[PDB]
Amino acid sequence: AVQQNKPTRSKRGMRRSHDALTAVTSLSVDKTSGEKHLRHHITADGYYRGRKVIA
Amino acid sequence: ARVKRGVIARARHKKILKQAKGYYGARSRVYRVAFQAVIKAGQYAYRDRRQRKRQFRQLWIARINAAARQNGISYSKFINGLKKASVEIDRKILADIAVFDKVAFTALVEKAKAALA
Amino acid sequence: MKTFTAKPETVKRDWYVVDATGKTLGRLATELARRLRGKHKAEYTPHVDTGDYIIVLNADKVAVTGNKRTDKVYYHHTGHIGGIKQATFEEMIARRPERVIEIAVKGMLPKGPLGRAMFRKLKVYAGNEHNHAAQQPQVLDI
Amino acid sequence: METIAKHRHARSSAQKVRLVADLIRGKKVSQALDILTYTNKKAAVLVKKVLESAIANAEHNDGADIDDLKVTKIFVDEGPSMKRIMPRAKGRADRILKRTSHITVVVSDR
Amino acid sequence: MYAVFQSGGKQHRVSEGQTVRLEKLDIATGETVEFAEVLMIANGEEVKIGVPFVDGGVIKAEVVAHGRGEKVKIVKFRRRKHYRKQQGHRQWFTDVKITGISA
Amino acid sequence: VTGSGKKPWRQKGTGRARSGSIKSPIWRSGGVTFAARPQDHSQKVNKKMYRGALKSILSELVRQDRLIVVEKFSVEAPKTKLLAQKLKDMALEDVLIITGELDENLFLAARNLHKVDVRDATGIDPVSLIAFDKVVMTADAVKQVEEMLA
RNA sequence: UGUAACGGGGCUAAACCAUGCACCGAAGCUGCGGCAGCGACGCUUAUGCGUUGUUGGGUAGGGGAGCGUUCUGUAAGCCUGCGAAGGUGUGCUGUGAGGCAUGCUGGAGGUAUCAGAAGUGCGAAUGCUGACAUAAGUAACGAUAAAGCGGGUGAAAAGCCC
RNA sequence: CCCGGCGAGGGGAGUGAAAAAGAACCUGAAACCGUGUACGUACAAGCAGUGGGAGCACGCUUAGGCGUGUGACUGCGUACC
């Protein structure tokens, strides 16, 4: 259950080496408006692939 | 007369933590581990002044043996022939000559072989 | 003054080819390890690899005196349940001839990264031919 | 000018904030802004407010030039921690730390 | 043109014009010492080694410096026996400037 | 030290060190192991040791030219300016005036002067004889310190 | 548990017996340099200087000699806003505890020398008090009665209001 | 005045000898946590040092090399109480 002695700050950083959050590669541009959005998502202004979907 | 021991203790700890500079982890940061580290470093430095004097002699002896075996003779017969030829050249100088100027070493092996054989 | 030390960039290494036919195992292996470490050169340095490259041809024809051809057992352990494998000198010579020479030399070398590098200097073949003709291997007889 | 902007006593631990601060170091500031926009963290909205405050200070206090800005030095320091008491089982008490942080962004044309 | 000679209990190899740090001599700082016990003189390939201190050749050197070495910190420690000991050392030397190797 | 003599926890059963009271000098706010009392620092001097010390100080004082002997030393009014000008004319900076009899007049005119002190012959102490740079004394004070000591 | 009863490689000598000559080999001994103790032998005994000899592993313990901290006198002196204490570096220096100098910070104190007095020196006591780590962004988020959608509010709504 | 939620927090301006004196306020140490720069490190086993020591990087220079930092490889070395 408990440790026999405490780990180092080195073994702590090596453990946290795999915790880096991936960035989004690039946001895509809509054809009509030009606003950035995620792929396969609608924009904030409700456009998807050049079509006004939500009011 | 109440004596407060902050300044003297901080100086005595900074003295030790200056000597543990370059050690891994808490040995260069934490006072207790740095004190044990500095004390064992002093013990090792004493022991290794002695072992330095040993290790350089065995290095010179290996080089003299190699450069003598390139001249036919072993180390043992070379040192025996140089003792019977009455020279005072020690092993530091013989090793330096054996690497740097091989002509003098051939002359020395010639003298030692003339005395030995 | 300070004593001379070798430097790993300026050390100039030679190539040798040794025909191991009809020779004793451990005598040849001792000469090989001595040449591999570099103890025959005057500019010997205990932490710098000073030795030379050796191509040992004909590891099939190595000899062992006494009844060691049938009774020198090589033990190695696979790191498992209880499997201790063993092979005598005959089936080791037949199955994998170069392993005899490499085991005999690797037992005689220092252990550590420098010893592994000076073992990488050694190149053992079982045939009479080698593909190292572009480095001019001189005959080192022993 | 290097044009710092801070948020002192940010209500999140410095490890979680440092996660998204790793993402926007050295980037051009528009890439930094939309990467911070499309990340699913609350440390993202914290350092996004600090980054836009830095761009606004660079606009208003000194010369010009929105588009040349690069997020040179972003770092998260650990702020004070507030001590609370968590009641555990069988009468023994605990102590939880509400961690804070100082977020600092330094954005410049160089 | 190099000579081998014994100065302060130990040997030294020496060229003309190099500065050499040896043991402390009782010689002032603006004078010259002449080591007459020269073990080996080698110029070109004509190496003259001797049944000891060969003949004739004298090594004249002019003293330049009288410093002390780096402070060595000697530490004695016996673990769990309540004993440690601290000592310092600096070793005197003498720097000589070689100005000639005779025949 | 204020506090109760109750054990803060048990003797056995906890992970804590054994403790008996909050008033022990290991603990904070509860204290001193060997606490001081008001103590008398007066040490006994022999009478003959004191007299020999005063004779040694007077002998070295007359040996070292720091001892002036004056026929009669008189100041009329209790003004300190008068004694300041008097010691100015006698080229005196740091004075111990041992007059033969402490008149209230000359004593009142030296109370504000810093490096000047006026004593009687009975008020001679060792440390003031060593302290002031020039002891000056009237001749009757010389007679009184001679007959008192020797 | 894995060869596993030369430390190993390996050895038919690299084994054993005898004889010998070399050499390696310790902090032993010698060489060189330095420091200290004890005892003799002189110079005129600043109780030193020198010459000689010898000693110098150390626990419990005994003996001797010191460093440093706070306060008192010297000291209404001396240093100090052209910068004190404290902090933080660097360089010198001493056998050691230490000391001196100086860069940056700091912004008002410090203290020679020789004496004196100790709340005088900490790494340990499952020491005490505060701060901060580790486990670790891990377990958990407190009844398995259950939520879903629309509208509003708002900088923002799974949880608020309808 | 500006960003921000007619926020918190910050950046200027201003006061002041000083705002790294801004009320979480003289000084501001250590543990602890970070950012940058130099060197090392992804075939190498263990009190993490010490003796030897290449290479690299900054400084210089009497132009030979020294100093500072790091330190591959290598001998020895199983903390303290």
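Neighbour counts run over all protein chains shown; Cβ positions are idealised from the backbone, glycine included. Rule-based calculations on the coordinates, nothing more; no lab input.
Observations, loosely collected:
- One residue from C:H80, C:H47, C:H76 being within 14 Å of chain B (Cβ to nearest Cβ) and surrounded by fewer than 13 Cβ atoms within 10 Å (Cβ to Cβ): C:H47
- Within the range F:52-78, considering residues that are over 15 Å from F:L129 (Cβ atoms) and touching a strand residue (DSSP E or B) at 6+ places or on another chain (Cβ under 7 Å), the one surrounded by the fewest Cβ atoms within 10 Å (Cβ to Cβ): F:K72
- Scanning the range D:21-72 for residues that are in a helix (DSSP H, G or I) and either within 14 Å of chain A (Cβ to nearest Cβ) or not hydroxyl-bearing (S, T, Y) (or both) yields a count of 31.
- Residue within the range D:101-108 that is over 20 Å from D:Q15 (Cα atoms) and away from RNA strand G (no atom under 15 Å from the Cβ) present: yes
- Checking B:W60 against (1) more than 10 Å from RNA strand G (Cβ to nearest atom); (2) touching an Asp or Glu at 6+ places or on another chain (Cβ under 9 Å), the condition it does not meet: (1)
- Identity of the residue in the range E:83-103, assigned to a loop (DSSP other than H, G, I, E, B) and within 16 Å of the chain's Cα centre (by Cα), that ends up surrounded by the fewest Cβ atoms within 10 Å (Cβ to Cβ): E:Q91
- Filter result for B:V99 (within 29 Å of C:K41 (Cβ to Cβ), in contact with a strand residue (DSSP E or B) (Cβ under 8 Å, 6 or more places away or on another chain) and not polar (S, T, N, Q)): no
- You will find that of B:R27, B:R57, B:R69, the residue that is in contact with a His (Cβ under 9 Å, 6 or more places away or on another chain), charged (D, E, K, R) and surrounded by 14 or more Cβ atoms within 10 Å (Cβ to Cβ) is B:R69 and no other.
- Leading residue by the ranking (nearest to E:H66 (Cα to Cα)) among those in the range E:29-38 that are out of contact with any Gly (no Cβ under 6 Å at 6 or more places or on another chain) and more than 14 Å from RNA strand G (Cβ to nearest atom): E:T29
- The set of residues from the range C:22-43 being within 15 Å of RNA strand G (Cβ to nearest atom) and assigned to a loop (DSSP other than H, G, I, E, B) comprises C:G22, C:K23, C:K39.
- Boolean, D:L36 is within 18 Å of D:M1 (Cα to Cα) and touching a helix residue (DSSP H, G or I) at 6+ places or on another chain (Cβ under 9 Å): no
- Across the range C:14-44, the qualifying residues are those that are under 15 Å from the mean Cα position of the chain (by Cα) and within 16 Å of RNA strand H (Cβ to nearest atom), and the one among them that is nearest to the other protein chains (Cβ to nearest Cβ) is C:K39.
- Residue in the range F:14-32 that is closer than 30 Å to F:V145 by Cα, without any contact (Cβ under 8 Å) to a residue 24 or more places away in the chain and either near RNA strand G (Cβ under 9 Å from one of its atoms) or not in a loop (DSSP other than H, G, I, E, B) (or both) present: no
- Counting only residues that are of a type outside the set (F, W, Y), more than 10 Å from RNA strand G (Cβ to nearest atom) and not in a loop (DSSP other than H, G, I, E, B), the range A:18-55 holds 5 of them.
- The selection criterion, being surrounded by 10 or more Cβ atoms within 10 Å (Cβ to Cβ) and either away from chain B (no Cβ under 14 Å) or within 16 Å of RNA strand H (Cβ to nearest atom) (or both), does not hold for C:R95.
- The condition (being within 28 Å of A:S28 (Cβ to Cβ), within 12 Å of RNA strand G (Cβ to nearest atom) and not charged (D, E, K, R)) is satisfied by just one residue among D:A21, D:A32, D:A43, D:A89: D:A43.
- Of the candidates F:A110, F:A36, the single residue that is surrounded by 13 or more Cβ atoms within 10 Å (Cβ to Cβ), within 16 Å of RNA strand G (Cβ to nearest atom), farther than 16 Å from F:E146 by Cα and among the small types (G, A, S) is F:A110.
- A Cβ distance below 6 Å, combined with a sequence gap of six or more or placement on separate chains, defines the contacts here; from the range A:3-25, residues that are under 30 Å from A:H41 (Cα atoms) reach residues that are in a helix (DSSP H, G or I) in the pairs A:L21/D:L19; A:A23/D:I35.
- For the range D:66-100, the set of residues classified as closer than 30 Å to D:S30 by Cβ and touching a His at 6+ places or on another chain (Cβ under 8 Å) consists of D:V76, D:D77, D:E78, D:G79, D:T100, listed by residue number.
- Of all the residues in the range A:1-39, those that are within 14 Å of RNA strand H (Cβ to nearest atom), charged (D, E, K, R), surrounded by 10 or more Cβ atoms within 10 Å (Cβ to Cβ) and within 11 Å of chain D (Cβ to nearest Cβ) number 2.
- Every pair of residues 6+ apart whose Cβ atoms lie under 9 Å, when the first sits in the range E:49-72 and is more than 14 Å from every other protein chain (Cβ to nearest Cβ) and farther than 30 Å from B:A112 by Cβ while the second is part of a loop (DSSP other than H, G, I, E, B) and aromatic (F, W, Y): E:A65/E:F93; E:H66/E:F93; E:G67/E:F93; E:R68/E:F93
- Close pairs (9 angstrom Cβ cut-off, 6 or more residues apart or separate chains): touching a residue at least 40 places away in the same chain (Cβ under 8 Å) and away from chain B (no Cβ under 13 Å) in the range C:1-13, more than 10 Å from RNA strand H (Cβ to nearest atom) and charged (D, E, K, R) anywhere: C:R13/C:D52; C:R13/C:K121
- Helices (runs of 4 or more DSSP H) within the range B:1-106 that include 3 or more residues within 29 Å of E:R84 (Cα to Cα) and facing chain E (nearest Cβ under 10 Å): B:31-69
- For the range B:83-117, the set of residues classified as within 19 Å of B:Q55 (Cα to Cα) and in contact with a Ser or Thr (Cβ under 9 Å, 6 or more places away or on another chain) consists of B:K92, B:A95, B:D96, B:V99, listed by residue number.
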